[PDB]
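Take a look at the structure set out below.
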Ligand SMILES: C=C1/C(=C\C=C2/CCC[C@]3(C)C(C4(CCCC(C)(C)O)CC4)=CC[C@@H]23)C[C@@H](O)C[C@@H]1O
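Protein chains in written order, with this note's numbering: chain W, 41 to 278; chain F, 8 to 17.
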């Protein structure tokens, strides 16, 4: 069975997620509205930007992340943000529609919408497959929130200097995730492995997004539509 | 640099 320290971690992560993710999607009305060249870029850039603030909120509540150096916290967040957003979005993804349904119809985004934000199927095809494989795992809340913390606390990111300390952290989280599935997930005999695979998938998705964002931000008529926080986090500044 | 990130990280 599980120890008090491990379920203490689980308690923190779940609450962290509950503060930083608002099932009412009511804040969305304050983004630049969706429009349907590059008509969806302003609403979606405002969407991502808001999500980055949520992830930073979540990150700060991961036990230990706070006690990292500020460079390391930056490096983790800069390289992992697009991955955590892609993860957390799975909560708003529907297999019926194959789209992210955030409350109202104007906050329902399909693949076609995201192409109107300057993105190709070379990214959207694997992303939505990823969302489908991820939804089929039927993750518990605990499992979903652990994987975001494991993804964010990867020491194999560009920029990280305290590689030891972050692998220590990430390790303790996998022990929890492995022991949670074993003891709290019936039929989870293979679930940890396929959660690890979903991480490898996120590295590919990151890569493809990184490529497609570079072209997006090398055209000022499009990068002017992004937000300062998006440009800072996806910026290549060191 | 990373002016906003430093801020958001208290
Ligand atoms: C945000 C989130 C949500 C959805 C995430 C989406 C839907 C549209 C496509 C998004 C935005 C993408 C793209 C567009 C990226 C646009 C840009 C940053 C300008 O290159 C990569 C397809 C990645 C995650 C996707 C809603 C809610 O689940 C909160 C979550 O936190």
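Note that beta-carbon positions come from the ideal geometry of N, C-alpha and C, so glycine has one too.
Does the distance from the CB of residue i to the CB of residue j come in under 7 Å?
| i | j | result |
| --- | --- | --- |
| residue 12 of chain F | residue 151 of chain W | no |
| residue 85 of chain W | residue 266 of chain W | yes |
| residue 186 of chain W | residue 213 of chain W | yes |
| residue 147 of chain W | residue 65 of chain W | yes |
| residue 246 of chain W | residue 165 of chain W | no |
| residue 189 of chain W | residue 42 of chain W | no |
| residue 256 of chain W | residue 262 of chain W | yes |
| residue 200 of chain W | residue 46 of chain W | no |
| residue 192 of chain W | residue 116 of chain W | yes |
| residue 98 of chain W | residue 60 of chain W | yes |
| residue 197 of chain W | residue 119 of chain W | yes |
| residue 135 of chain W | residue 175 of chain W | yes |
| residue 182 of chain W | residue 49 of chain W | no |
| residue 22 of chain W | residue 278 of chain W | Absent from the model: residue 22 of chain W. The displayed extent of chain W is 41 to 278, so no value can be given. |
From residue i to residue j, what does the alpha carbon distance come to, in whole angstroms?
| i | j | result |
| --- | --- | --- |
| residue 291 of chain W | residue 202 of chain W | Summary: the structure shown does not reach residue 291 of chain W, with chain W confined to residues 41 through 278, and so no result is reported for it. |
| residue 68 of chain W | residue 144 of chain W | 10 Å |
| residue 104 of chain W | residue 9 of chain F | 21 Å |
| residue 207 of chain W | residue 194 of chain W | 7 Å |
| residue 89 of chain W | residue 111 of chain W | 20 Å |
| residue 221 of chain W | residue 76 of chain W | 42 Å |
| residue 73 of chain W | residue 94 of chain W | 20 Å |
| residue 243 of chain W | residue 234 of chain W | 14 Å |
| residue 276 of chain W | residue 226 of chain W | 43 Å |
Given residue i, which residues of its chain have a CB within under 8 Å of its CB, disregarding the five upstream and five downstream residues?
| i | result |
| --- | --- |
| residue 252 of chain W | 158, 159, 160, 162 and 163 |
| residue 223 of chain W | 41 and 42 |
| residue 78 of chain W | 156, 157, 158, 262 and 265 |
What is the DSSP secondary structure of residue i, reduced to helix, strand or coil?
| i | result |
| --- | --- |
| residue 68 of chain W | helix |
| residue 149 of chain W | strand |
| residue 274 of chain W | coil |
| residue 258 of chain W | coil |
| residue 141 of chain W | strand |
| residue 79 of chain W | coil |
| residue 43 of chain W | coil |
| residue 194 of chain W | coil |
In chain order, what residues of the same chain have a beta carbon less than 7 Å from the beta carbon of residue i, not counting five sequence neighbours either side?
| i | result |
| --- | --- |
| residue 87 of chain W | 71 |
| residue 81 of chain W | 157, 158, 262 and 265 |
Skipping 5 residues on each side, what residues in its chain have a beta carbon closer than 6 Å to that of residue i?
| i | result |
| --- | --- |
| residue 101 of chain W | 56 |
| residue 171 of chain W | 130 and 133 |
Where DSSP assigns a beta bridge to residue i, which residues make up the other side?
| i | result |
| --- | --- |
| residue 119 of chain W | Paired residue(s): none; residue 119 of chain W is not in a bridge. |
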